[PDB]
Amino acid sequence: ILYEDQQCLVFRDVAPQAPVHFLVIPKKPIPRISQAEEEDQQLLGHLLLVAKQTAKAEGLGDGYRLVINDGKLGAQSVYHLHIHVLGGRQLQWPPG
């Protein structure tokens, strides 16, 4: 566990796709970004701020990519909201 507070949990991905690959997830039951609502605004901003602070702690100062997958075409596997943070290698384009 890299980081935890009352709103979120941050842990290493179990199938890492980069030398650093971690997940930022809310504790609140949001299944996917398409089903977030206006009441989630503050939490969503929090998750992004946690992602960028954890990226600093993991040594991603030369750059990184944040990814949120929605649904089948986004390749979302588990229907709970999660933000991927990938770094420690050159990320390519397109992003899948």
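Start at 1 with the first residue shown and count on from there.
Open item on the list: Per the record, averaged over C-alpha atoms, which has the higher B-factor: 36-44 or 66-74?
Closed with: According to the entry, 36-44 carries the higher average C-alpha B-factor.
Open item on the list: Mean Cα B factor from the PDB record: higher for 1-9, or higher for 87-95?
Closed with: Comparing 1-9 with 87-95, the higher mean C-alpha B-factor belongs to 1-9.
Task: residue 15 - Cα temperature factor, lowest/middle/highest third of chain - done: Residue 15: CA B-factor falls in the highest third of its chain.
- [ ] Sorting the chain's modelled residues by C-alpha B-factor, tell me whether residue 30 ends up in the lowest, middle or highest third.
- [x] Residue 30: CA B-factor falls in the highest third of its chain.
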